[PDB]
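So the chains spell out like this:
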Amino acid sequence: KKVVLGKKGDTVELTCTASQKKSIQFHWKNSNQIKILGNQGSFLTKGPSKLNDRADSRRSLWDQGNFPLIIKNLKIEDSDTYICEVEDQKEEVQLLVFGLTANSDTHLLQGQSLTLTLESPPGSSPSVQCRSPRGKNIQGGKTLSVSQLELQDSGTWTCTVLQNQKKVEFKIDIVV
Amino acid sequence: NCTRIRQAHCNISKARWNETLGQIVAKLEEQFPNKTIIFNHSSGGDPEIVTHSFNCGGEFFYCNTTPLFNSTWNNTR
Amino acid sequence: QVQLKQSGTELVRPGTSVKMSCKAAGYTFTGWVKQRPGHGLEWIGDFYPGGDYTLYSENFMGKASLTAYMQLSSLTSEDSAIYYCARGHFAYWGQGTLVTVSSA
Amino acid sequence: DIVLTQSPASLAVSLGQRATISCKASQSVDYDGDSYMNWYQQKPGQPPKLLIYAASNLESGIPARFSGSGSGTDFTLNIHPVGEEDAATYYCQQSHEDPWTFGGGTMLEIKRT
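What the entry reports as its method is cryo-EM, with 3.9 Å given for the resolution.

In structure tokens:
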């Protein structure tokens, strides 16, 4: 089952597959059988779903055998399985939307501690694999903290989030 | 009958539309009698699909028919 | 009724980036213009929501990064002007936002 | 780019008379019978208002007094009869191809007693 990882605010593109290369009808449905977008011939409609204003597609490439599902401003609340229904198949993919950041926005000093906040989608076990230019490649679960925060810790730390062998990079704000 | 330069008016006689709407809703009730039928407007999309469109006299009329499918319906008017 | 509404008056400092917004109503959400005295009207660029397509004139590359929004970078005294939002196909334009580039 | 030249720079017309403004393009704009020229009117404190589009048709809400004629690289915007409210700056713009350029402008002054 195809799985994708979002950054809780970026865009996502859900692509199906086809071979007949004629832009045949297609649909997207969640795990609860809810329509989000829609196709009636060659037009593009948006069904009464929570993702009415976020769904997007590449219409010019419909005749080339693609129907990528572009969604803008990804949020954790939209993580659900979606199904491709081009002709007779039920191809299914999943999205995992979460957010990684830090609690201390700007107020920081030398010799202080640092903590990270991770909000994973309901029903996920993300792992935080921090990577730092100074060699502080912290490894841990969803929540990770740093006991030292000095001037040498300058620069945004890239604490990646990995799960199911799929990993996405992130940045950490550090101002002192 | 719809007539009229970006403004025009279409006519709908509720006195004759109500009968057809009632027949259609009554027939729909058979398929799902346990359900309560509620109408509404479109969910959004292309301007040629969400709002009614037609080609008349070399003109591409787009008429907004929202105030005809939003009202809910029941066994009584 | 096709309607577009832009943000209020803005006063920003040179060298920074200032972002304006234009709202819409009465049609499907899915053009920018600059007017300066002695210059007339200059069509800045065009963009398309629901896919975010970009298009610029020769004198706007790297200067602008565009409910829709616009962001003008490398602000200078020349950018002090009024700006109009206009949904492209320009049927209607925004009322107008006055941008003043000065440190005062 | 397509360069638009307007004429005259400043125009004064008595109330009720005919006001004509010419716009010339550096390149041919006709595309098999159609001209993709636009003419806009602007007044202080207001955004430009589409007066003429397609070079031969009247925009909705625009009085029929406004009209357009010509072809090739020579077009004319004509106002007849001219009124007091017509005082404004008229601009000619080209939609023949990108980049979408604009005219030099032409102010209309309602000459009166």
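Looking now at the pattern of salt bridges. Applying the stated criterion to the full structure yields eight salt bridges over all chains. Between A:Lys1 and A:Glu92 there is a salt bridge whose closest N-O contact spans 3.9 Å. Within this pair, whereas A:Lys1 is found in the segment before β1 (2–6), its partner A:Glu92 is found in strand β9 (residues 91–97), the two being separated by 91 residues in sequence. In this structure, C:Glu78 engages C:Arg36 in a salt bridge whose closest nitrogen and oxygen atoms are separated by 2.7 Å. Classification of C:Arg36 as partly exposed rests on a relative accessible area of 31%. Here the salt bridges do not stand alone but share partners, grouping A:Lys50, A:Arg54 and A:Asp78 into one network.

Residues and elements named next belong to chain B. Between its terminal C-alpha atoms helix α1 (residues 14–31) stretches 26 Å, which fits the 26 Å expected from 18 residues at 1.5 Å a residue. Listing the buried residues of α1 in full gives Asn18, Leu21, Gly22 and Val25. On an axial view of α1, the arc spanned by its buried residues comes to 105°, and they lie on one face. Exposed side of α1, more than 90 degrees from the buried face: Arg16, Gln23, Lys27, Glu30 and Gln31 are the residues found there.

The next point concerns empty space enclosed by the protein. Empty pockets left among the atoms are what a rolling probe the size of a water molecule brings to light. Residues and elements named next belong to chain D. Of the volumes computed, that of the largest cavity is approximately 80 Å³. Considering the residues around the largest cavity, the lining is formed by 13 residues, among which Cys23, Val29, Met37, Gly72 and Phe75 are closest to the centre. Elements supplying a minimum of two residues to the lining of the largest cavity: β3 (19–25) and β8 (74–79). Take the lining of the largest cavity: its biggest share by element is three residues, from β3. The residue makeup of the lining of the largest cavity, split by class, is six nonpolar, four polar and three charged.

What follows is about the interface of chain B and chain A. Of the residues lining the interface, six residues belong to chain B; the matching set on chain A comes to eight residues. Each partner contributes to the roughly 530 Å² buried at the junction of chain B and chain A, and carbon and sulfur atoms together form 58% of this total. Summed over the three residues of chain B that lose the most area to chain A, namely B:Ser43, B:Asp46 and B:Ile49, the buried surface amounts to 72% of that side. Summed over the shared surface of chain B and chain A, the result is zero salt bridges.

Parameters and conventions
- Residues numbered from 1 in each chain as written, not as in the entry; some residues may be left out.
- Chains lettered and ligands numbered in written order.
- Part of a larger assembly, values for the part shown.
- Heavy atoms only, no water.
- Residues with missing side-chain atoms left out of burial classes, pairs and counts.
- Salt bridge = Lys/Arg side-chain N within 4 Å of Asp/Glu carboxyl O.
- Helix = DSSP H or I, 4+ residues; strand = E, 2+ residues; numbered from the N terminus.
- Buried < 20%, exposed > 50% of the residue type's maximum accessible area, 1.4 Å probe, protein only.
- Expected span 1.5 Å × (residues − 1).
- Arc of directions from axis to C-beta.
- 1 Å grid on protein atoms, 1.4 Å probe; cavity = no way out; pocket = protein on both sides within 12 Å on 5 of 7 lines; lining within 4 Å.
- Points joined across faces, edges and corners; volume = space filled by probe spheres on them.
- Nonpolar A, V, L, I, M, F, W, Y, C, P; charged D, E, K, R; others polar.
- Contact = heavy atoms within 4.5 Å.
- Buried area = accessible area lost by both parts, 1.4 Å probe.

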